[PDB]
Q: 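Structure below; questions to follow.
Lettering of chains follows the sequences in order, A, B, ..., and the numbering in each one begins at 1. Heavy-atom basis, side chains included; hydrogens, waters and symmetry copies ignored. Order of listing sets the numbers, starting from 1, for every ligand and every atom in it.
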Amino acid sequence: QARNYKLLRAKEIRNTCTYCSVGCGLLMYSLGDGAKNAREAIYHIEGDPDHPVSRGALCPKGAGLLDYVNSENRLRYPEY
Amino acid sequence: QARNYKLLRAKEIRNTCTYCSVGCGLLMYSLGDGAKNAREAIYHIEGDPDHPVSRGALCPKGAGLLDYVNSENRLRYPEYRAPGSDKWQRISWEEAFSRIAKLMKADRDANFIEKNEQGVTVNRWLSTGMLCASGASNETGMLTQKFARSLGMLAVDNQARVXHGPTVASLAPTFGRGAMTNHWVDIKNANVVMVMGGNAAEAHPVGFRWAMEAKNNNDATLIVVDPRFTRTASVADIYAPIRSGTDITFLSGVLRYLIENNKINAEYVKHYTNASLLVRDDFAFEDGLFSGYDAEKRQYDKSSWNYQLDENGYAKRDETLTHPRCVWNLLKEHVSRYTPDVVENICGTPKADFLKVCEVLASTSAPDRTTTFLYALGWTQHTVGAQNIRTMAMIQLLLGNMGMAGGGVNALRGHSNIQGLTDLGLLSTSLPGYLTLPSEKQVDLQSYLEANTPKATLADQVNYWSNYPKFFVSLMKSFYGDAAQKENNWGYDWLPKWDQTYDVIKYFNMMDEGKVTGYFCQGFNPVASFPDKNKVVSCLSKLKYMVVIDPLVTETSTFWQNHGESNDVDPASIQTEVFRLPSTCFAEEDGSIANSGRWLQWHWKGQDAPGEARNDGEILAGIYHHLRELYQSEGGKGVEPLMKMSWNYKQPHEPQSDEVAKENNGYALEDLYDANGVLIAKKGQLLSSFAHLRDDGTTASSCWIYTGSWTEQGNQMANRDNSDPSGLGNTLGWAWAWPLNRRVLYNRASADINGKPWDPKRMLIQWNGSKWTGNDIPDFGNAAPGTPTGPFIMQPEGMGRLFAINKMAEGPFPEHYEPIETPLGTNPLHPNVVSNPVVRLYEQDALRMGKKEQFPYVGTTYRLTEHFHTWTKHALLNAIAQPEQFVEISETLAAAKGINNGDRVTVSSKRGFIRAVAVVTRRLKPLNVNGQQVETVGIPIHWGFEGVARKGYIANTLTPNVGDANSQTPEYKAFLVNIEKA
Amino acid sequence: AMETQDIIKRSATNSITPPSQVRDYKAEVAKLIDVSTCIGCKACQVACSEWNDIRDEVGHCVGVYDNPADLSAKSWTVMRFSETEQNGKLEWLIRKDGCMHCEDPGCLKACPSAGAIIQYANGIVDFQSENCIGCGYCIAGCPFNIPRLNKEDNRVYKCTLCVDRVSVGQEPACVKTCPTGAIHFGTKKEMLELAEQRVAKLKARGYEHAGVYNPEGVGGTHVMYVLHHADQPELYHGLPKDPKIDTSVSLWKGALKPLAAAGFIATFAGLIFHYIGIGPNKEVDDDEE
Amino acid sequence: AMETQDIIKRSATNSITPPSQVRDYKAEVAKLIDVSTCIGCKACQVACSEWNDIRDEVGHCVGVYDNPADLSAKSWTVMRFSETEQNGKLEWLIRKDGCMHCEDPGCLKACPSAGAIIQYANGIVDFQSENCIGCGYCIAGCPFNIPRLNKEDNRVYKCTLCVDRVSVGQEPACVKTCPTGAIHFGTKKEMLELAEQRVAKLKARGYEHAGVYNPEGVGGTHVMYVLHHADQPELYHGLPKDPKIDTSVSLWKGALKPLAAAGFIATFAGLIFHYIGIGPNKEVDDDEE
Ligand SMILES: Nc1nc2c(c(=O)[nH]1)N[C@H]1C(S)=C(S)[C@@H](COP(=O)(O)OP(=O)(O)OC[C@H]3O[C@@H](n4cnc5c(=O)[nH]c(N)nc54)[C@H](O)[C@@H]3O)O[C@H]1N2
Ligand SMILES: Nc1nc2c(c(=O)[nH]1)N[C@H]1C(S)=C(S)[C@@H](COP(=O)(O)OP(=O)(O)OC[C@H]3O[C@@H](n4cnc5c(=O)[nH]c(N)nc54)[C@H](O)[C@@H]3O)O[C@H]1N2
Ligand code: SF4
Ligand code: SF4
Ligand code: SF4
Ligand code: SF4
Ligand code: SF4
Ligand code: SF4
Ligand code: SF4
Ligand code: SF4
Ligand code: SF4
Ligand code: SF4
Ligand SMILES: [Mo+6]
């Protein structure tokens with residue numbers, strides 16, 4: 001049968017798209033249930049169906065947020 | 001490993017079962033997470049484990065809801081059948097609305113009656129009528145009420161007419177209200193559960209769990225008295241047979257037994273019933289007739305059926321109960337004739353069985369033991385239906401079981417919302433909140449209010465109906481708003497005034513005479529449900545137009561179509577224009593419905609309806625706005641009453657459920673103050689209690705008993721707190737019950753005159769020195785223990801009536817009368833008066849009645865657990881459960897006719913025939929009655945000519961067109977038939 | 001297969017190569033059907049088919065309430081009705097029928113296809129269809145006549161004890177739906193407790209032979225009954241008295257196999273050593289000298 | 001395999017041994033892509049790859065907005081752009097491309113490996129990779145040129161209609177994400193209804209040949225389109241007009257097999273009966289007498 005649904009026990013967090021002013025609602029999913037010993041890591045993001053403006057939709061920018069959050073070019077340390 | 005759990009990411013929606021009145025909670029699952037791009041589709045439904053009544057359970061009907069919601073027979077598009085045509089033609093919604101409005105306006109302009117012959121404005125329309133949907137929400141109900149009355153319609157009925165009308169007609173006069181007195185879970189507190197005049201294990205299965213809880217875990221005795229050994233009998237401690245139509249004899253025999261053995265709660269009787277009141281000396285009964293009979297009009301002059309009056313105008317009393325004219329002594333005399341031998345001779349019930357029942361019931365005369373009665377159609381569907389119920393209610397008063405947890409009268413309602421539609425008044429002469437439309441003799445507001453506001457008949461009583469004016473004026477403010485003012489008597493003359501009651505049998509008699517032009521069938525299938533189907537089809541064929549609103553294909557919508565023996569008509573000869581409009585079902589709208597225990601429960605939408613189906617309010621609005629616009633530009637008759645009705649919704653073409661529910665609850669139209677100058681409510685706010693309604697135009701409510709359902713604190717019908725602090729099964733935090741959340745009616749009677757509980761382990765209310773408090777909301781005011789104030793607060797005398805004064809059509813005490821079609825051809829108690837002397841029987845119907853020489857067996861109709869009327873046969877799961885039509889007969893009758901189990905047979909009556917498979921069983925046995933052997937042929941009512949189960953015949957092809965003398969509810973439960981091998 | 005690593009029995013699998021079962025520390029579960037509280041509503045039939053995505057045909061009425069008339073590939077549970085006067089008065093005995101989830105399943109014992117039938121540590125016996133060859137041996141091996149072949153795919157199907165619900169923590173669909181609570185579910189240990197409490201109550205009402213149906217002949221079952229007349233289970237539409245795997249099936253699937261194995265090996269040895277020992281039988285072994 | 005017991009078609013499986021499919025009472029689902037409401041944003045490409053855990057290479061621009069330029073093992077859906085003046089004025093026709101989930105799939109029909117391709121009762125056609133041998137027959141069998149081989153594991157991949165989401169009650173990722181609602185999802189019955197309503201609106205705007213693309217040649221599809229110009233599907237970057245399984249493929253996978261089977265059996269019989277009938281052809285059959 002099909003692979004299991006990958007978000008079944010992930011932590012779900014509400015947020016807003018970071019790009020344009022439409023303000024689409026997001027539902028972000030992190031590995032870990034919030035316990036102190038688990039360092040949360042977002043591994044999937046999709047739309048919030050209840051948001052009145054976006055109603056679950058996300059354009060290619062909002063839909064690809066995972067690759068920005070986890071970009072290889074994220075800054076890690078103060079540099080001089 | 002196992003297949004993955006199929007609902008893990010589905011949208012979960014809470015709703016309520018759409019079939020019977022138990023009101024089981026549902027959890028529906030839809031494909032899609034609610035995103036706008038995903039069109040939700042329900043693909044699974046199961047129970048809600050937190051619901052206090054169902055606790056996750058669902059019977060085969062509720063469990064198979066998916067197959068109804070997704071039935072292949074769901075309606076998708078507006079369809080039209082032309083005069084003489086044999087096919088449907090799809091049309092647009094706008095075409096349907098315009099065509100219907102045009103037909104309605106032409107008919108209303110031609111036949112509207114502005115004034116009657118005595119010069120009184122009556123504004124009534126009688127040539128077009130409506131049947132209303134008891135399976136639809138309360139909000140749809142109110143919109144229908146406004147639609148119908150603003151147009152002046154009086155031929156407006158819902159299923160109550162053919163169902164529990166007799167209950168309202170008997171329980172209201174006896175206790176003050178016509179509703180089920182306790183609630184489902186409360187049944188678990190009973191010591192004796194009596195199932196007579198009903199078959200709860202098949203008709204209300206999930207609710208019946210609580211009777212099984214009483215039996216299995218409260219050591220209760222379960223008794224079943226029925227002509228058939230049913231599935232309820234399967235689990236009963238005691239089963240006793242009875243001939244259909246003889247309940248009054250059996251129950252009157254119980255009354256005689258209790259009185260003779262002094263098995264009564266004496267203090268309860270002395271104080272809480274009218275046992276001590278004195279009856280006029282001219283009241284009498286002899287040889288089957290009470291005093292005042294007018295043999296030519298076949299009605300009674302009820303002047304003598306009243307109390308003697310004292311010097312202050314109140315009923316005279318004799319607290320010692322020794323006066324020959326006290327109700328108690330007259331009751332004793334009346335039932336003295338019903339000995340065990342008489343019961344055996346008329347009912348067929350063996351004396352040994354009857355004794356067992358008497359003894360067990362008698363054991364509950366003790367203050368700390370109770371019997372609860374669970375009944376429905378076995379008692380209501382008779383020409384003496386209301387009197388059947390009167391007798392049982394009297395028994396509960398003698399035993400002191402009213403107002404008690406585990407006691408009361410649980411008159412189990414039918415349709416999921418028949419309670420709501422009755423509450424909202426979708427009955428010929430009714431208005432919401434058990435108010436009444438003006439009769440044409442009441443020429444002004446003053447006369448109208450005086451006729452409907454009862455004067456107290458004993459001093460120091462609550463007599464709450466004295467508040468009638470506040471409820472009426474508030475209703476008018478809700479209907480008309482600013483147009484209703486003191487100056488024009490709150491719009492009084494805009495309401496249609498009645499000259500008589502336009503019940504369904506009467507209206508179809510009119511239809512047969514060509515007096516009816518059009519008819520609306522909203523969630524009602526008369527071709528299947530009305531008596532004498534062959535006559536019904538003949539009547540409908542005379543209509544010029546018919547509008548059907550339903551989520552499914554119904555036999556009524558296709559009455560013009562030939563279906564062989566099942567419906568042998570010639571389409572070319574029927575000129576009726578038929579409109580079939582596709583509506584939503586329960587799962588496709590939000591709204592509320594009232595269950596049997598008076599619980600108004602909210603439910604939520606799970607998916608959009610299929611195709612172009614629209615919600616009921618949208619359909620009414622489409623027709624209504626098209627029609628009113630025609631009047632705006634053309635003028636016509638009865639323009640003002642139609643145009644003044646309010647339709648104050650943000651989107652007039654799409655009224656929302658919350659808007660209507662709030663109207664029903666009510667609003668303060670000006671700031672309101674109590675007598676001490678304290679603000680009770682601000683202008684514009686929702687009211688919290690009907691106690692705040694006023695008769696001066698400052699308050700509005702379209703259903704006063706619903707005030708408190710949606711307040712400033714929110715939608716109480718959506719409450720989901722299942723806490724039961726007392727352990728008695730009372731959950732005040734789940735949904736909201738009327739009136740004012742009181743779960744057990746008459747609960748002041750759960751305690752004695754000093755306020756002490758009859759059973760300390762079942763305290764419902766108690767006195768704290770200044771007010772009544774407890775495990776239930778007191779159905780009482782603040783009268784201290786020891787005062788004369790009675791516990792039945794809607795009664796002018798504050799008592800339960802053993803003697804029903806002038807309220808019943810055929811007598812203040814019940815009396816045995818045989819069914820119109822009786823297997824005996826006589827009445828053993830009084831041969832001079834065989835059947836009810838006040839029954840109405842039209843000449844045309846009298847000609848269609850059969851006699852025992854040609855139709856020797858008792859015919860009776862009833863339900864099977866697996867199907868709901870002729871509705872579930874459209875759902876595959878239920879069709880699989882009971883696929884083919886059958887009838888039940890005894891081994892004795894089968895042997896006499898040469899019928900082997902499973903053989904095909906033809907059952908017939910004077911009116912028609914059906915053919916079916918024979919289920920031969922010992923569960924049906926002949927009874928010895930008045931020297932004869934009486935056989936019963938049982939006919940389940942679930943098959944017909946539309947659906948996915950095997951095609952069959954409408955059971956009503958067999959039934960007589962005659963009903964209860966009070967409500968005109970058909971005698972579907974006792975008639976005559978013959979049977980032959982087929 | 002074996003992803004759950006709690007398979008305690010597997011069809012057609014040699015005893016010396018047992019199935020993966022390290023995760024076997026789990027409580028056994030059980031369904032308890034108290035027929036004395038059953039009202040024959042058939043809600044269980046409907047809930048089962050709805051949940052399991054199956055629909056049988058619209059049948060016929062042949063004189064009884066029973067319908068469908070028998071279990072089938074599309075009806076995994078059916079209510080069976082019996083009217084009797086054998087105990088002194090008319091009684092309508094109604095019993096829910098379907099897989100008993102035997103501790104020692106005859107279906108699994110008779111099955112010739114490796115992995116077609118398995119038993120989980122919690123007591124559920126289930127069919128793994130990918131391995132079913134449609135031989136029907138399980139129908140005869142079953143003491144309760146439960147397995148049913150689907151003509152459309154040549155495979156057997158039956159009640160799975162809602163393994164897809166139980167595996168993730170939820171009770172079966174029929175259990176939840178039962179209007180009167182005639183059907184109970186939980187750990188077998190506590191269901192046995194509830195059964196004995198119910199039997200005590202029935203005895204107090206006059207049913208001196210009330211009892212729990214949990215047949216020792218098949219090692220106990222994970223679907224049990226509380227019966228008013230446990231001394232006469234046949235009254236409930238043929239429920240077997242003292243059921244057990246048939247002796248012919250036990251011999252066929254048991255001793256016959258190794259016996260045949262020994263014969264084969266011994267025969268091969270004999271013939272081989274015979275040829276070698278004596279040599280061929282040709283026309284002339286004499287003029288070879 | 002077959003855990004869901006609702007497999008209505010399975011590749012390289014003899015017709016007399018059908019796959020497990022007792023749980024087949026389920027409504028067919030469908031995705032409806034209304035190209036007249038599509039804005040060519042590519043959100044669907046992004047949502048698909050994000051959800052499915054796949055990433056194609058960073059390609060090149062060769063003069064058009066299209067990118068990636070074609071479906072691949074790492075791009076299960078791609079937007080295809082077409083500029084035309086064929087209808088009287090400049091139009092930019094944009095179409096989402098990917099598996100059509102055909103009712104009668106050519107990929108499954110051409111596949112030679114048992115169980116490598118299956119069709120679920122709800123209409124989803126999916127690849128069971130454990131059985132894929134990388135032959136590529138499905139690429140030619142597909143009327144829409146959809147399957148794509150992954151060089152890293154020799155297996156084909158394509159749009160799964162988000163079987164992992166749909167199986168548990170949620171709509172596909174691309175469906176949910178579509179900014180303008182050009183993509184709809186639900187039961188096929190109601191999607192057909194929405195499609196006809198949309199076609200009516202387009203006709204009212206002047207598109208007299210607007211229509212639904214649900215090709216009868218492949219038995220209908222579970223991914224359908226609403227097209228402004230249904231009379232000219234080629235305008236939408238080559239969408240086939242009246243697609244069907246190729247005649248050569250139908251013959252190859254059809255009649256050729258049993259014909260060859262008969263020849264083989266008949267040949268074996270002939271040769272065997274021939275040898276026996278006439279006997280060997282040795283140097284001297286004459287001095288044997
Ligand atoms: N399964 C199912 N449930 C239902 C419905 C349904 O269609 N199917 N409909 C719902 C509705 S609308 C309602 S009103 C209720 C009614 O529910 P009930 O009235 O309990 O049910 P019925 O099956 O009509 O029959 C009542 C019983 O009375 C017996 N009976 C017949 N004549 C007499 C008589 O004269 N005296 C006595 N004492 N018994 C008699 C019949 O054999 C039958 O078993 O059911 C509701 N619940
Ligand atoms: N022989 C005999 N006759 C009887 C009886 C009997 O015991 N025996 N019992 C009588 C009784 S008590 C009753 S209640 C009647 C019932 O008989 P009816 O109420 O006429 O019959 P139902 O089949 O329940 O159908 C009513 C309709 O409601 C439709 N409906 C569902 N939801 C909605 C909705 O939201 N909106 C609209 N507009 N429609 C909706 C259903 O699809 C159905 O077509 O039968 C009565 N007639
Ligand atoms: S998802 Fe797209 S439209 Fe929405 S806020 Fe982000 S960039 Fe804007
Ligand atoms: S029909 Fe009645 S008893 Fe059955 S599930 Fe629906 S509400 Fe409950
Ligand atoms: S659901 Fe329960 S009460 Fe109903 S038939 Fe099945 S076991 Fe009996
Ligand atoms: S009842 Fe039959 S099918 Fe079920 S586990 Fe037992 S032997 Fe196997
Ligand atoms: S039919 Fe039964 S015995 Fe045969 S392989 Fe399938 S499960 Fe095993
Ligand atoms: S346990 Fe599940 S599979 Fe078995 S009868 Fe009940 S609902 Fe059906
Ligand atoms: S997400 Fe929707 S609008 Fe955007 S390119 Fe894909 S189908 Fe077109
Ligand atoms: S589009 Fe091609 S890959 Fe997709 S289902 Fe159809 S034939 Fe198979
Ligand atoms: S490449 Fe295609 S045709 Fe070849 S085995 Fe894989 S799925 Fe089948
Ligand atoms: S349905 Fe799922 S697999 Fe197919 S294109 Fe959309 S997101 Fe990708
Ligand atoms: Mo009813």
Side-chain angles (χ1 to χ4, degrees), chain A residues 15-26 45-48 51 53-65 68, chain B residues 19-21 134-135 158-167 198 203-204 376-378 380-381 411-419 421-422 524 529 596 862-863 868-869 871 941 969-970 972, chain C residues 10-13 73 105-118 125-142 146-150 153-158 249 253, chain D residues 17 20 39 41-43 46-47 176-180:
Chain A
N15 206 297
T16 298
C17 183
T18 197
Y19 299 122
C20 90
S21 76
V22 172
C24 300
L26 311 173
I45 294 175
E46 60 180 272
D48 184 340
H51 190 96
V53 178
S54 57
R55 303 281 296 273
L58 290 180
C59 77
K61 304 188 295 301
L65 284 165
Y68 153 44
Chain B
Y19 299 122
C20 90
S21 76
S134 282
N158 71 281
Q159 287 84 349
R161 179 67 63 194
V162 302
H164 263 104
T167 287
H204 302 87
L377 311 178
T380 66
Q381 302 177 331
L412 315 183
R413 264 39 185 199
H415 268 288
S416 60
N417 198 31
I418 182 158
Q419 184 60 53
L421 266 70
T422 301
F524 207 139
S529 58
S596 198
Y862 48 84
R863 302 141 166 72
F868 196 74
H869 302 149
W871 180 341
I941 65 172
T969 293
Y972 303 114
Chain C
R10 181 178 183 263
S11 63
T13 301
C107 54
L108 190 156
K109 187 174 299 301
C111 178
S113 187
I117 306 184
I118 53 170
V125 176
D126 198 21
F127 294 161
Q128 287 195 126
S129 307
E130 68 184 329
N131 302 311
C132 183
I133 67 173
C135 68
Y137 283 9
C138 54
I139 299 165
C142 174
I146 298 298
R148 297 286 182 274
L149 282 161
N150 179 14
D153 60 21
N154 305 322
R155 294 179 178 76
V156 288
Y157 298 99
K158 67 173 186 67
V249 171
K253 304 300 297 202
Chain D
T17 57
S20 177
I39 51 174
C41 69
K42 299 196 189 185
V46 179
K176 181 177 178 177
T177 218
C178 189
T180 57

Q: Supply the atom-to-atom distance C/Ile117 CD1 to C/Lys109 NZ, rounded to the nearest 0.5 angstrom.
A: 11.5 Å
Q: Without hydrogens or angle criteria, can the side chains of B/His204 and B/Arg413 be said to hold a donor-acceptor pair below 3.5 Å?
A: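 Per modelled atom types, B/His204 and B/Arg413 side chains form no pair under 3.5 Å.
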Q: Taking only heavy atoms of A/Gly23 into account, list the atoms of ligand 3 that are under 4.0 Å away from them.
A: 5 (S)
Q: Please list, in chain and residue-number order, the protein N/O/S atoms closer than 2.8 Å to atom 2 (Fe) of ligand 3.
A: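 Those protein N, O or S atoms (cut-off: under 2.8 Å from atom 2 (Fe) of ligand 3) are A/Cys59 SG.
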Q: Near atom 4 (Fe) of ligand 7, which protein N/O/S atoms are found at less than 2.8 Å?
A: C/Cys135 SG
Q: Does C/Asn131 offer a backbone N or O that forms a donor-acceptor pair with the side chain of C/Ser113 under 3.5 Å?
A: yes
Q: Give me the atom names and distance for the closest heavy-atom approach of C/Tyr137 to C/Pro112.
A: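 Residues C/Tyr137 and C/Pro112, closest heavy atoms: CD2-CD, 3.5 Å.
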Q: Kindly write out the residues that satisfy side-chain contact (heavy atoms from CB on, under 4.5 Å) with A/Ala57, not counting sequence neighbours, or none if the list is empty.
A: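 A/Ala57 satisfies side-chain contact (heavy atoms from CB on, under 4.5 Å) with no residue once adjacent residues are dropped.
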Q: Taking 4.0 angstrom as the limit and counting only heavy atoms of C/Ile117, give me the atoms of ligand 7 inside it, by number and element.
A: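 Near C/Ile117, the atoms of ligand 7 are 7 (S).
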Q: Closer than 3.5 angstrom, by distance alone: can the side chain of B/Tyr972 be matched with the main-chain N or O of B/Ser529 as a donor-acceptor pair?
A: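 It does hold such a pair.
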Q: I'd like to know if the side chain of B/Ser134 pairs up with that of B/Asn158 as donor and acceptor (distance under 3.5 Å, no hydrogens or angles considered).
A: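 There is such a pair (donor and acceptor under 3.5 Å, judged by atom type) between the side chains of B/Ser134 and B/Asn158.
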Q: Testing the basics here: between B/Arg863 and B/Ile941, what is the closest heavy-atom pair and its distance to 0.1 Å?
A: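 That would be NH1-CD1, 3.7 Å.
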Q: Not counting sequence neighbours, which residues clear side chain to side chain donor-acceptor pair (under 3.5 Å) with C/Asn150? List them please.
A: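 For C/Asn150 the side chain to side chain donor-acceptor pair (under 3.5 Å) partners, ignoring immediate neighbours, are C/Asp153.
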Q: To the nearest 0.5 Å, what is the distance between OH on A/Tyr19 and SG on A/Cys59?
A: 9.0 Å
